[PDB]
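What follows is a single chain, given as structure tokens, in the form deposited without the named molecule.
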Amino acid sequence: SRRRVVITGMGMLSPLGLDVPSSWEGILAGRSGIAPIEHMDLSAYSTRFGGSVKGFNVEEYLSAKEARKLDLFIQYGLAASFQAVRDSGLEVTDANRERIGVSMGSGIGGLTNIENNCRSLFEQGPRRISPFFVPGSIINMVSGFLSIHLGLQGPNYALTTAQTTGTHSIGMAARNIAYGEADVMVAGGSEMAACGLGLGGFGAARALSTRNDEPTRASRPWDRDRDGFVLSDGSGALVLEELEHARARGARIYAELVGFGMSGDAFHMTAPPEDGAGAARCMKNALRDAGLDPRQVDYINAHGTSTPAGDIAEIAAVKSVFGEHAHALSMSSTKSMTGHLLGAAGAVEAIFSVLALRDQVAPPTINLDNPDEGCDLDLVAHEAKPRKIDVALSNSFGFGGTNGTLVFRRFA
């Protein structure tokens, strides 16, 4: 029968820091991680800024021999995973290695490496493709390399559900533990899509903010002057652990994962329905999964991408699920500060939701100068709001109409 799941360790790379505490300090101070991109020339592009990871030292985590063969998204995923496992205090042994698995996902994976090898192929021929091209680029190799480095022999897989990846990865890893398939899972996501194909492709879809002259103001969820999402890089990883297994080893427990919901919009390849019907179905699934009255929800980490249709669909979904209580909870988009980490969005946002619980503070939605029509909830405009938070919900919505909701609560 279904076991309880707690969070015992967290790890992160974000545009705000090279770990969780540094990222969280940035979140609570309303700091932007968005800046013009330096790692390539973007003068031909309609968007030239993003949330880059600043000063990432892979030689804190991996031999340079290994690092040189792995896409940045794998390096970022391993870094966050290593942080999370160290943070957990968990020791891997012959007695437990079969019971510890990994589910680290990505939306796109090793686009930079694939682009770079495509350029080699076209200009120079196939003999110039890297021998490490496949294992260094495909999405499942965060899970793969983490298992090899730590000796994890439990379920080993990867999700790819676009902007919902991190939320799905964490939810389905919790189900693995709940149902007895594992006692521990390392789960989350990683993304580094900031190459010509990534910025060019989202640019071709007119999905990105073009606020090149004021990048820190570009990401403005629910603001009347929003003009698309900001592309950001990084990773989130959590150690999920069965409750009794955590208790038995004296683990520090951050929070309990009580609820997971999924749904499909079955509406449009890229656009959310205006009424947020699929998002509402997904949150209701999650609240019923957690055995909660919707009034128990104190804080929502919104998807809040700063798109015209996405931001308003989320207000419509929260109002439909929570009714009058929609005016009592706090909802914020930390994408106002971090931008959109795509496959890693749900992973860093789950961590922010757990830290909202630990610290009893709703993070701000920065740049919310002029809330749009009907965006009249507590969106924690501009400044962090200390408040009672027993239950936190993290939402993600993705291309394909794919929705995920995670429900966390304080653990006593």
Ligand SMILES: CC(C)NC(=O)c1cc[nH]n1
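One-based numbering along the sequence shown.
Only in words, not in the display: the form solved in complex with the named molecule, which the text now covers.
Just one of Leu238, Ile300, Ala279, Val142 has a heavy atom within 4.5 Å of the named molecule in the bound PDB entry. Which one? For this set of options, the contacting one is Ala279.
Could you confirm whether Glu314 comes within 4.5 Å of the named molecule in the bound PDB entry, counting heavy atoms only? The answer is yes: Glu314 has a heavy atom within 4.5 Å of the named molecule.
Would you please decide whether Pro15 lies within 4.5 angstroms of the named molecule in the bound PDB entry, comparing each non-hydrogen atom pair? It does not: once the named molecule is placed as it appears in the bound PDB entry, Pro15 has no heavy atom within 4.5 Å of it.
Is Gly310 one of the residues lying within 4.5 Å of the named molecule in the bound PDB entry, judged by heavy atom distances? Close contact exists here: in the bound PDB entry, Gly310 approaches the named molecule to within 4.5 Å, heavy atoms only.
Give a yes/no on whether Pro272 approaches the named molecule to within 4.5 Å in the bound PDB entry, heavy atoms considered. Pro272: contacts the named molecule in the bound PDB entry.
Determine the residues of 383 to 399 with a heavy atom within 4.5 Å of the named molecule in the bound PDB entry and present them in sequence order; the list may be empty. Going through 383 to 399 in order - heavy atoms within 4.5 Å of the named molecule in the bound PDB entry - the hits are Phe397, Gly398, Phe399.
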